[PDB]
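Student: This is the structure, below, for whatever I ask next.
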Amino acid sequence: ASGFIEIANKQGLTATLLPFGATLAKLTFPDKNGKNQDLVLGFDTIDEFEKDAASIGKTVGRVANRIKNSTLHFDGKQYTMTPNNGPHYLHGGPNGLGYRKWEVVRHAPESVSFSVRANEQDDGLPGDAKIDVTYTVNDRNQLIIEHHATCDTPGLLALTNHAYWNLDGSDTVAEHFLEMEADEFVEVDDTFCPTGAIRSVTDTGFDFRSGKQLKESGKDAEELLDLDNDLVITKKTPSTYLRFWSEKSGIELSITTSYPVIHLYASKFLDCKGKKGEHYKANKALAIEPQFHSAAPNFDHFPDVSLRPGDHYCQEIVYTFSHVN
């Protein structure tokens with residue numbers, strides 16, 4: 001058996017990790033009323049996490065999101081996996097990184113690092129890789145997630161963190177405000193698999209450039225937010241890219257990442273017994289997943305996510321917690 005690992009700074013920021021799936025189990029931070037609030041969904045027990053299928057707080061890999069039709073071409077060779085989500089291959093498959101027990105290579109009062117190895121035999125994806133993920137909290141009230149990796153054999157590697165966020169405990173995050181520096185988004189089909197097209201956010205329900213409440217996303221016949229797309233980060237050349245907050249709890253979350261996109265999932269298909277024995281329902285939280293474009297391995301015009309011998313996969317996500325004053 002394993003066990004929850006806790007890290008924390010000196011200002012009231014605590015994070016609880018789990019070796020299994022290198023998961024972010026909990027993240028507590030005092031609200032405007034000085035009351036501690038767990039900002040991420042989860043489970044009160046370890047086994048519940050090992051049985052979860054919604055990838056709650058997990059470190060996802062080797063390839064986050066979908067591989068169109070469970071097939072791809074790598075270095076002139078075709079790789080075909082067994083579908084695990086519709087006709088596609090989602091989050092690295094049933095034996096993806098999120099479903100494996102990572103080794104604890106470092107643990108200190110404010111930081112913890114996990115490591116794990118994966119090759120074609122483990123998940124059917126090309127080559128192999130030694131992956132190391134670190135969670136660190138600091139005096140700036142930031143949670144830093146570092147994603148590092150190397151390989152002996154050429155393959156693909158595109159990770160992300162699948163934590164579902166809810167800053168005030170509300171039944172849903174429809175009232176939460178969201179602001180993103182994203183001019184474009186990745187188009188997806190009915191099965192939510194990228195089509196390879198990029199669409200401007202202008203005049204669409206995905207324009208969060210002015211900061212609005214999530215409840216504002218068109219008008220469907222289910223009154224549910226079906227957010228679950230890749231929002232391409234507008235990055236300069238010659239900084240915070242996302243701000244998520246709740247006027248209710250007064251808690252705000254800002255993010256900066258090396259990744260080119262941030263996948264936002266409004267938790268439309270959620271329905272599980274979480275913390276406090278609570279019953280999570282539709283649009284309960286907001287999954288924020290900094291990552292490379294979904295289905296990158298299927299479209300050559302999307303970022304090249306190959307990881308080859310001698311190179312170093314190195315990405316980071318910085319979450320800053322504060323208050324809206």
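Each chain of the structure tokens is named A, B, ... in the order shown, its residues numbered from 1; ligands are numbered from 1 in display order.
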Skip residue 43 (chain A) itself and residues of its chain fewer than 5 positions away, then list as a compact mmCIF listing (two decimals) with N, CA, C and O atoms, in the first residue's frame all residues within 10 Å of it, counting only C-alpha atoms.
Tutor:
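Output file around_19.txt follows:
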# COMPACT_ATOMS: atom_id res chain seq x y z
N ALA A 25 -4.25 15.18 -4.90
CA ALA A 25 -5.44 14.80 -4.13
C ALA A 25 -6.23 15.95 -3.52
O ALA A 25 -7.45 16.00 -3.63
N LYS A 26 -5.53 16.87 -2.85
CA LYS A 26 -6.19 18.01 -2.23
C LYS A 26 -5.32 19.25 -2.35
O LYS A 26 -4.12 19.16 -2.58
N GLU A 48 -10.54 4.81 -3.38
CA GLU A 48 -11.51 5.49 -4.23
C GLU A 48 -10.80 6.15 -5.40
O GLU A 48 -11.36 6.27 -6.50
N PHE A 49 -9.57 6.60 -5.17
CA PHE A 49 -8.77 7.24 -6.21
C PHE A 49 -8.33 6.19 -7.22
O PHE A 49 -8.36 6.42 -8.43
N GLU A 50 -7.92 5.03 -6.71
CA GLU A 50 -7.47 3.93 -7.55
C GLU A 50 -8.61 3.36 -8.39
O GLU A 50 -8.38 2.64 -9.36
N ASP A 52 -11.18 5.53 -9.46
CA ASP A 52 -11.71 6.64 -10.25
C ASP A 52 -11.45 6.45 -11.74
O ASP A 52 -10.44 5.88 -12.13
N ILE A 56 -9.50 12.36 -12.02
CA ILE A 56 -9.49 13.45 -11.05
C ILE A 56 -8.12 13.73 -10.43
O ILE A 56 -7.59 12.92 -9.67
N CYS A 272 -19.89 11.22 -9.42
CA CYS A 272 -19.22 10.30 -8.50
C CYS A 272 -19.29 10.80 -7.06
O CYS A 272 -19.51 11.98 -6.80
N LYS A 273 -19.10 9.88 -6.11
CA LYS A 273 -19.14 10.22 -4.69
C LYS A 273 -17.76 10.70 -4.26
O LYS A 273 -16.85 9.90 -4.06
N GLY A 274 -17.61 12.02 -4.13
CA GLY A 274 -16.33 12.57 -3.73
C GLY A 274 -16.14 12.87 -2.26
O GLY A 274 -16.76 12.24 -1.40
N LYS A 275 -15.26 13.83 -1.98
CA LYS A 275 -14.94 14.25 -0.62
C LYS A 275 -16.20 14.57 0.20
O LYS A 275 -17.21 15.01 -0.35
N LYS A 276 -16.11 14.35 1.51
CA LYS A 276 -17.22 14.60 2.42
C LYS A 276 -18.43 13.73 2.07
O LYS A 276 -19.53 13.95 2.57
N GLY A 277 -18.21 12.75 1.20
CA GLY A 277 -19.30 11.88 0.80
C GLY A 277 -20.21 12.62 -0.16
O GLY A 277 -21.31 12.16 -0.48
N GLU A 278 -19.74 13.77 -0.62
CA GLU A 278 -20.48 14.61 -1.55
C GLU A 278 -20.72 13.93 -2.89
O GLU A 278 -19.92 13.11 -3.34
Student: Quick one: residues within 9 Å of residue 297 (chain A), only C-alpha atoms, excluding same-chain residues fewer than 3 positions away - as a compact mmCIF listing (two decimals) with C-alpha atoms, in the first residue's frame?
Tutor:
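File written: around-v3.txt
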# COMPACT_ATOMS: atom_id res chain seq x y z
CA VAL A 63 -0.30 11.36 -24.41
CA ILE A 67 -5.31 9.82 -30.31
CA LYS A 68 -7.81 9.96 -33.20
CA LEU A 72 -1.11 7.21 -35.44
CA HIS A 73 2.01 7.22 -37.57
CA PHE A 74 5.39 7.68 -35.92
CA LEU A 156 5.64 10.55 -28.12
CA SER A 294 -4.99 17.40 -28.22
CA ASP A 300 1.48 17.29 -38.33
CA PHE A 302 0.02 20.76 -34.49
CA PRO A 303 3.07 20.76 -32.19
CA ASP A 304 5.57 17.92 -32.59
CA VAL A 305 5.30 15.99 -29.30
CA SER A 306 7.99 13.44 -30.04
Student: From the options A:222, A:216, A:128, A:228, which residue's atoms come nearest to residue 307 (chain A), counting only C-alpha atoms?
Tutor: A:128
Student: Which of these residues is nearest to residue 248 (chain A), using only C-alpha atoms: A:164, A:321, A:206, A:177?
Tutor: A:177
Student: Write out as an mmCIF file with N, CA, C and O atoms, in the first residue's frame the residues lying within 7 Å of residue 288 (chain A), counting only C-alpha atoms and excluding same-chain residues fewer than 5 positions away.
Tutor:
data_model
loop_
_atom_site.group_PDB
_atom_site.id
_atom_site.type_symbol
_atom_site.label_atom_id
_atom_site.label_comp_id
_atom_site.auth_asym_id
_atom_site.auth_seq_id
_atom_site.Cartn_x
_atom_site.Cartn_y
_atom_site.Cartn_z
ATOM 1 N N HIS A 162 -4.651 16.615 -14.472
ATOM 2 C CA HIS A 162 -6.102 16.608 -14.572
ATOM 3 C C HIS A 162 -6.906 16.990 -13.330
ATOM 4 O O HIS A 162 -7.936 16.377 -13.045
ATOM 5 N N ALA A 163 -6.456 18.000 -12.596
ATOM 6 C CA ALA A 163 -7.182 18.416 -11.397
ATOM 7 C C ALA A 163 -8.451 19.181 -11.770
ATOM 8 O O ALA A 163 -8.438 20.021 -12.668
ATOM 9 N N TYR A 164 -9.548 18.863 -11.087
ATOM 10 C CA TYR A 164 -10.840 19.509 -11.315
ATOM 11 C C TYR A 164 -10.929 20.605 -10.254
ATOM 12 O O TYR A 164 -10.859 20.312 -9.059
ATOM 13 N N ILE A 262 -4.381 25.158 -23.061
ATOM 14 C CA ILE A 262 -4.956 24.789 -21.787
ATOM 15 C C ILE A 262 -6.312 24.191 -22.099
ATOM 16 O O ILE A 262 -7.201 24.879 -22.609
ATOM 17 N N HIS A 263 -6.466 22.906 -21.815
ATOM 18 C CA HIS A 263 -7.729 22.236 -22.073
ATOM 19 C C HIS A 263 -8.675 22.476 -20.909
ATOM 20 O O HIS A 263 -8.351 22.162 -19.760
ATOM 21 N N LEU A 264 -9.842 23.034 -21.213
ATOM 22 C CA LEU A 264 -10.848 23.325 -20.209
ATOM 23 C C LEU A 264 -12.015 22.358 -20.352
ATOM 24 O O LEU A 264 -12.597 22.239 -21.429
ATOM 25 N N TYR A 265 -12.342 21.666 -19.269
ATOM 26 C CA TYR A 265 -13.444 20.711 -19.269
ATOM 27 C C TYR A 265 -14.409 21.088 -18.146
ATOM 28 O O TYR A 265 -14.079 20.979 -16.962
#
Student: Would you mind listing what lies within 10 Å of residue 198 (chain A) as a list in words, with only C-alpha atoms counted and same-chain residues fewer than 6 positions away left out?
Tutor: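 Result of the neighbour search: residues 184, 185, 186, 187, 188, 230, 231, 232 and 302 of chain A.
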Student: Can you write just those residues out, N, CA and C atoms, as a PDB file, in the first residue's frame?
Tutor:
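Result written to selection06.pdb:
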ATOM      1  N   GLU A 184      -7.706  31.775 -30.058  1.00  0.00           N
ATOM      2  CA  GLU A 184      -8.171  30.616 -30.814  1.00  0.00           C
ATOM      3  C   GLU A 184      -8.417  29.376 -29.965  1.00  0.00           C
ATOM      4  N   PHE A 185      -9.158  28.427 -30.531  1.00  0.00           N
ATOM      5  CA  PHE A 185      -9.456  27.186 -29.835  1.00  0.00           C
ATOM      6  C   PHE A 185      -9.404  26.039 -30.837  1.00  0.00           C
ATOM      7  N   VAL A 186      -9.182  24.832 -30.329  1.00  0.00           N
ATOM      8  CA  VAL A 186      -9.105  23.650 -31.168  1.00  0.00           C
ATOM      9  C   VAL A 186     -10.488  23.058 -31.408  1.00  0.00           C
ATOM     10  N   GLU A 187     -10.893  23.003 -32.671  1.00  0.00           N
ATOM     11  CA  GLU A 187     -12.195  22.459 -33.028  1.00  0.00           C
ATOM     12  C   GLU A 187     -12.261  20.947 -32.786  1.00  0.00           C
ATOM     13  N   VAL A 188     -13.396  20.479 -32.282  1.00  0.00           N
ATOM     14  CA  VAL A 188     -13.585  19.058 -32.008  1.00  0.00           C
ATOM     15  C   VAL A 188     -14.909  18.597 -32.594  1.00  0.00           C
ATOM     16  N   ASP A 230      -9.643  22.691 -26.234  1.00  0.00           N
ATOM     17  CA  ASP A 230      -8.290  23.207 -26.131  1.00  0.00           C
ATOM     18  C   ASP A 230      -8.335  24.705 -26.439  1.00  0.00           C
ATOM     19  N   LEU A 231      -7.845  25.534 -25.524  1.00  0.00           N
ATOM     20  CA  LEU A 231      -7.837  26.976 -25.749  1.00  0.00           C
ATOM     21  C   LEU A 231      -6.375  27.346 -25.986  1.00  0.00           C
ATOM     22  N   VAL A 232      -6.065  27.778 -27.207  1.00  0.00           N
ATOM     23  CA  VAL A 232      -4.703  28.154 -27.563  1.00  0.00           C
ATOM     24  C   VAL A 232      -4.271  29.466 -26.929  1.00  0.00           C
ATOM     25  N   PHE A 302       0.153  20.471 -35.921  1.00  0.00           N
ATOM     26  CA  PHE A 302       0.017  20.762 -34.494  1.00  0.00           C
ATOM     27  C   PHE A 302       1.435  20.546 -33.986  1.00  0.00           C
TER      28      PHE A 302
END
Student: Taking the backbone alone, and naming residues the way the document does, which bits of region 70-158 of chain A are strand (DSSP E) by DSSP, as a PyMOL selection string?
Tutor: chain A and resi 71-74+77-80+89-90+103-108+111-119+128-137+142-150+155-156
Student: Go through A:298, A:170, A:217, A:153 one by one, measure the shortest atom-to-atom distance of each to residue 88 (chain A) using only C-alpha atoms, and give the residue with the smallest value.
Tutor: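 For residue 88 (chain A), the nearest of the given residues is A:298.
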Student: Between A:323, A:100, A:58, A:209, which is the closest to residue 42 (chain A) once you count only C-alpha atoms?
Tutor: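 The shortest atom-to-atom distance to residue 42 (chain A) comes from A:58.
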Student: Which residue out of A:212, A:284, A:235, A:106 has the minimum interatomic distance to residue 39 (chain A) when only C-alpha atoms are used?
Tutor: A:284
Student: Counting only C-alpha atoms, what is within 9 Å of residue 152 (chain A), bar same-chain residues fewer than 4 positions away, as a PyMOL selection string?
Tutor: chain A and resi 127-130+308-310
Student: Could those selected residues go to a file with N, CA and C atoms, as a short mmCIF file (atom, residue, chain, number, x, y, z; two decimals), in the first residue's frame?
Tutor:
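Written output follows (again.cif):
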data_model
loop_
_atom_site.label_atom_id
_atom_site.label_comp_id
_atom_site.auth_asym_id
_atom_site.auth_seq_id
_atom_site.Cartn_x
_atom_site.Cartn_y
_atom_site.Cartn_z
N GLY A 127 8.11 3.75 -28.46
CA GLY A 127 9.24 3.94 -27.56
C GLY A 127 9.02 3.83 -26.07
N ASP A 128 9.87 4.51 -25.31
CA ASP A 128 9.78 4.49 -23.86
C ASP A 128 10.08 5.87 -23.28
N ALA A 129 10.07 5.96 -21.96
CA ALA A 129 10.35 7.22 -21.30
C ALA A 129 10.40 7.07 -19.80
N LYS A 130 11.25 7.88 -19.18
CA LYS A 130 11.42 7.88 -17.74
C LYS A 130 10.82 9.24 -17.42
N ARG A 308 12.80 12.25 -28.17
CA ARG A 308 13.87 11.40 -28.68
C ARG A 308 15.10 11.35 -27.77
N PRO A 309 15.86 10.24 -27.83
CA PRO A 309 17.07 10.02 -27.03
C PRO A 309 17.98 11.24 -27.00
N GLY A 310 18.45 11.59 -25.82
CA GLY A 310 19.32 12.74 -25.70
C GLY A 310 18.59 14.03 -25.37
#
Student: For residue 155 (chain A), which residue among A:79, A:319, A:280, A:269 is the nearest when counting only C-alpha atoms?
Tutor: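 Checking each candidate against residue 155 (chain A), we get A:79 as the closest.
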